[PDB]
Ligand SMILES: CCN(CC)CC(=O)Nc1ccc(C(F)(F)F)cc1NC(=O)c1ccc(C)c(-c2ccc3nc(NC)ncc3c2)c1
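Only one chain comes next, encoded as structure tokens, the form deposited without the named molecule.
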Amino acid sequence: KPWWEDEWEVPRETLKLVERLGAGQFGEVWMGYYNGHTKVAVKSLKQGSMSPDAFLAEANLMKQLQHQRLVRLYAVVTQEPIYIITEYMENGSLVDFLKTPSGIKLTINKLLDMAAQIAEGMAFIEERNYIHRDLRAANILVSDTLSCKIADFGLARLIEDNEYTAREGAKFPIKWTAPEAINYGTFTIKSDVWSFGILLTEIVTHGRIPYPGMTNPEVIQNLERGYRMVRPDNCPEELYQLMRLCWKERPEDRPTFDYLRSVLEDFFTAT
């Protein structure tokens, strides 16, 4: 819809940006208020840093993926500077939260709970024929009640047929990205499942970088020998074997996110 009919468009005057949470090459992220009382996150586009069409495409995709386990699009201001307003998540990124005094005290039980919540959000994305492609603890946000939601849909895509192929010049985080996506640029929901297995190691290690002590060439070399990430310290073997399913060689042999959600809930209700 044109912005004058779009249900997400709001007058910029309805927003007050109060605290800048971050600033980067393509703009800033602020904590603000909509119509004085509702706390929201506001991401602003730095004019000229990237395409305004590319920036807003993320908001258009979020209109199609509304679910409790996914950060909700709150509003948009299409006039420059362009703003994407979203659901505020009080405890920030999971990879950061796990390192705070509160995150550190979490039991393995609550960590398994959070992992299941993430799988539940990814199961929705899976059922709607989308892929995320940037699934990692930095892109999970944590609310004030310690619930988790999927965030940062900049690389997310609608899959018409089973697979999305990136540009050959495209490069992705080697430690989190599935082999077929690194090698062929081919992404499917099964590539996200591999990434989820890596995200599970970030959860159990309270935010440690995957593949401790290894460079990306060493990670690639080990994976091609059939090795997978070494058991993280204090990782429950049941959770480690679930990570291994996520890292199966053939994408089609990897589990569905609905399966992963169900298993993790069982792990949680057991612990």
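Note that residue numbering follows the sequence shown and begins at 1.
Beyond the structure shown, there is the form deposited with the named molecule bound, which is absent from this document and is the topic of what follows.
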Drop the named molecule in from its pose in the bound PDB entry via a C-alpha superposition round the site, and with the 3-atom, 2.4 Å backbone or C-beta test the pocket comes out blocked
Margin query: I'd like to know whether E238 contacts the named molecule in the bound PDB entry, with contact meaning heavy atoms within 4.5 angstroms.
Written below: no
Exercise. With the cut-off set at 4.5 Å between non-hydrogen atoms, does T86 touch the named molecule in the bound PDB entry?
Worked result: yes
- request: Report yes if any heavy atom of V10 sits within 4.5 Å of a heavy atom of the named molecule in the bound PDB entry; otherwise report no.
  value: no
- Message: Does any part of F153 reach within 4.5 Å of the named molecule in the bound PDB entry? Heavy atoms only, please.
- Response: yes
Assert contact_stretch over 213-221, 240-248, 60-68, 226-234 against the named molecule in the bound PDB entry, heavy atom within 4.5 Å, equals 60-68
Picking from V77, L141, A116, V193, the single residue whose non-hydrogen atoms come within 4.5 angstroms of the named molecule in the bound PDB entry is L141
The listed residue (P173, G185, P179, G92) that reaches within 4.5 Å of the named molecule in the bound PDB entry by any heavy atom is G92
